[PDB]
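# Architecture and fold: a report
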Amino acid sequence: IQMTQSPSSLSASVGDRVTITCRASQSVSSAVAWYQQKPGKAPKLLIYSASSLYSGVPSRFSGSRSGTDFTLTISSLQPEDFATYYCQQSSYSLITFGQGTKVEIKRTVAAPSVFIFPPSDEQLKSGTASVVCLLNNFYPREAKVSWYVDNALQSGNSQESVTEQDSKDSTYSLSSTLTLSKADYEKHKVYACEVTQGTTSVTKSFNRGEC
Amino acid sequence: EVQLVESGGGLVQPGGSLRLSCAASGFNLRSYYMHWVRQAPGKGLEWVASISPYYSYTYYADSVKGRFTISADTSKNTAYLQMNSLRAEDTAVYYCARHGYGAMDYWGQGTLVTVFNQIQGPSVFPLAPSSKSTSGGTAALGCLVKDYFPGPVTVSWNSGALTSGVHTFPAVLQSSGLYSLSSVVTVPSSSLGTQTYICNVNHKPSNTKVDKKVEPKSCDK
Ligand SMILES: [Cl-]
Ligand SMILES: [Cl-]
Ligand SMILES: [Cl-]
């Protein structure tokens, strides 16, 4: 039984009304629960039996069932309630959860500061060269990073990592790392990190053995 | 006080065996259903196994059947998850939780199960500021921590004095099986000649400490 959860993510403001839905794959009766989890802490039981409030949880929380549609709602979102939420069904014996609903903070758009880092000479001793591109404090999350070595667009030799939303300005920051062989790096010259985010494209570049 | 204290987690080799403990105090254990649910780093919640209070009829998730074994003992009032034929998919924090009102009320703190073939300490490389790292009065610098296994590495800057502007990214799995991450900080450009910047990398499974003073790229000509 697949608990399909929607949406995967959304951004609202404090005081927004917020609704998270979860649709069972076959009828689970009303045997459903809701949990909240904040990073590095265990889940907290929020709603049990689709609609009944667990004792101690705030009253802006509530749930509801219509057929196989289970819904969680916060009537007026408070800062403490920014987290990830999970539904659960407990029918018969095999337990399944929803994929997750990350509830993030809305803020104004922001372009990233784009910084590029050539490999260090220490690293080349190991025979591998790492080029790092940093996209700093932007909103919202969506960003494309393209890598160009001597004008040749790379694929397969980069990886990206994104921070969670910042605890103060509610931006994201992303890094991309292009991994080349030492030999491959020392035969080419111009290394570029092209960033597209929002209505903004930024290219940062260096030539091997520069400065 | 009803307490759910977990133990037994640690590093383990593939197709091996490790035992987690879910010590229950306060309540009787054989009076409520008990479940293990796990969470691979950066992923969702996955139920693993359950044990019934009367006559200890057990049920497991399809993914773990026949490899994991759940057991209980009322003498110690603790439930165990014996994990056998351990896979890399099993790397996760494992929680234990008690069933109450068709769901799960109390939880353990969670113990980490880290699968691993061999332990690798990290190489740490500077991400040096330069004219290709300086925009709008701000210079970026950082530390590249590469080729370690398994997690975690923790990064601080200047022993925790430097905290604002810091970004330590989630670790990524390189196609080599070894982990890699970077920790960066943005600082005012003028500070580059006023302050030293040191990243403090800590990788407990290899008992490696590294401290890297990150300096502006020295120009050869
Ligand atoms: Cl977490
Ligand atoms: Cl250079
Ligand atoms: Cl390994």
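Residues numbered from 1 in each chain as written, not as in the entry; some residues may be left out. Chains lettered and ligands numbered in written order. Heavy atoms only, no water. Residues with missing side-chain atoms left out of burial classes, pairs and counts.

For this entry, the PDB record names X-ray crystallography as the structure determination method and reports a resolution of 2.50 Å.

### Quick notes on the overall build of chain B
Going by this rule: Strands here mean DSSP runs of E at least two residues long; helices mean DSSP runs of H or I at least four residues long; both are numbered from the N terminus. For the radius of gyration, the atom set is restricted to C-alpha positions; the globular benchmark scales as 2.2 Å times the number of residues to the power 0.38. Contacts were defined at the residue level, with two residues in contact if any of their heavy atoms lie within 4.5 Å.
In terms of regular secondary structure, chain B is built from zero helices and 20 strands. Taken over C-alpha atoms, the radius of gyration comes to 23 Å for chain B, far larger than the 17 Å a tight globule of 221 residues would show. For chain B, the spread of C-alpha atoms along the three principal axes comes to 80 × 35 × 25 Å. Within chain B, contacts between residues separated by at least 24 positions form 58% of all contacts whose residues are at least 6 apart in sequence.

### Remarks on the overall build of chain A
A tally of helices and strands in chain A yields two helices and 19 strands. A compact globule built from 211 residues should have a C-alpha radius of gyration of about 17 Å, whereas chain A, at 23 Å, is more than 25% larger. For chain A, the spread of C-alpha atoms along the three principal axes comes to 65 × 35 × 30 Å. A separation threshold of at least 6 residues defines the contact pool for chain A, and within that pool the share at least 24 residues apart is 57%.

### With respect to the packing of aromatic side chains
Note the threshold: Working definition: a ring pair exists when centres of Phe, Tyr or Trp rings (six-membered ring for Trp) sit within 6.5 Å. Plane angles under 30 degrees give stacked, over 60 give edge-to-face, the rest tilted. Burial classes: relative accessible area under 20% of the type maximum marks a residue as buried, over 50% as exposed, and values in between as partly exposed (1.4 Å probe, protein chains only). By the criterion adopted, a ring carries a charge over it if an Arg CZ or a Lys NZ lies within 6 Å of its centre and within 35 degrees of its normal.
Taken as a whole and judged by the stated rule, the model has eleven aromatic pairs over all chains. When the centroid spacing of 6.4 Å and the interplanar angle of 55° are considered together, the rings of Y35 of chain A and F97 of chain A count as tilted. Here the residue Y35 of chain A occupies a position in strand β4 (residues 32-37), and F97 of chain A occupies one in strand β10 (residues 96-97), the gap between them amounting to 62 residues. Note on accessibility: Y35 of chain A and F97 of chain A belong to one class, buried. Both rings, one in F68 of chain B and one in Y94 of chain B, keep their centres 6.4 Å apart while their planes meet at 20°; by these two values the pair is stacked. Separated by 26 residues along the polypeptide, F68 of chain B in strand β7 (residues 68-73) and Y94 of chain B in strand β9 (residues 92-100) bring together distant segments of the chain. A relative accessible area of 2% means that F68 of chain B is categorised as buried. Taken together, the ring pairs in this structure connect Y35 and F97 of chain A together with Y95 and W107 of chain B into an aromatic cluster. One cation-aromatic arrangement involves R98 of chain B over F27 of chain B; the distance from NZ or CZ to the ring centre is 3.7 Å.

### Some thoughts on the sheet that holds strand β1 (residues 3-6) of chain A
All names here are of chain A. This is how the line gets drawn: Being paired, for any two strands, means DSSP has found at least two bridges between them. The convention used is that axes are lines fitted to C-alpha atoms, helices contributing only their stretch in contact, and that angles between N-to-C directions extend from 0 to 180 degrees.
Sheet architecture is open: four strands sit in the order β1-β3-β8-β7, paired in antiparallel fashion. The sheet is open, and its two edges are formed by β1 and β7 (61-66), each paired on a single side. The average angle at which neighbouring strand axes cross in this sheet is 20°, direction not considered. As judged from the four bridges shared by β1 and strand β3 (residues 18-24), these two strands associate in the antiparallel manner. Bridge pairing in β3 links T4 to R23.

### A look at the state of the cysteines
Using the following cut-off: Only a pair of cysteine sulfur atoms within 2.5 Å counts as a disulfide in this structure description.
Scanning the entire structure with this criterion turns up five disulfides over all chains. One disulfide in the model links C133 of chain A with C193 of chain A; its S-S distance is 2.0 Å. Taking the torsion about the sulfur-sulfur bond, which here is approximately -80°, the covalent link between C133 of chain A and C193 of chain A counts as left-handed. Here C133 of chain A is found in strand β13 (residues 128-138), whereas its partner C193 of chain A is found in strand β18 (residues 190-197), with 60 residues between them in sequence. Each member of the pair, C133 of chain A as well as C193 of chain A, is classed as buried. At a sulfur-sulfur separation of 2.0 Å, the disulfide partner of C143 of chain B is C199 of chain B. Across the S-S bond linking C143 of chain B and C199 of chain B, the dihedral sits near -75°, which makes this disulfide left-handed.

### What to know about the pattern of salt bridges
Here is the rule we go by: The salt bridge criterion pairs a side-chain nitrogen of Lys or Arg with a carboxyl oxygen of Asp or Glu, the two atoms within 4 Å.
Under the definition given, this model contains ten salt bridges over all chains. Across the salt bridge formed by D81 of chain A and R60 of chain A, the nearest N and O atoms sit 2.6 Å from each other. Of this pair, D81 of chain A sits in the loop between β8 (69-74) and β9 (84-89) while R60 of chain A is found in the loop between β6 (52-53) and β7, placing the two residues 21 residues apart along the sequence. Salt bridges sharing common partners tie together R38, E46, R67 and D90 of chain B.

### Describing the side chain of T91 of chain B
What counts here: Whenever two N or O atoms come within 3.5 Å, that pair is a polar contact, provided that in protein one can donate a hydrogen and the other can accept it, and provided that, for residues adjacent in sequence, both atoms are side-chain atoms.
Counting through the fold element by element, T91 of chain B comes out in the loop between β8 (78-84) and β9. For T91 of chain B, the side chain forms a polar contact with the main-chain oxygen of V113 of chain B, separated by 3.1 Å.

### Section: the sheet that holds strand β19 (residues 197-203) of chain B
All names here are of chain B. Reading across the sheet, the three strands line up as β15-β19-β20 and stay open at both edges, with antiparallel pairing between neighbours. On the outer flanks of this sheet lie β15 (154-157) and β20 (208-214), each paired with one strand and no other. In this sheet, adjacent strand axes meet at a mean angle of 20° when their direction is disregarded. Two strands pair when backbone bridges link them, and β15 and β19 are joined in this way by four bridges, in the antiparallel orientation. Opposite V155, over in β19, you have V201 as the bridge partner.

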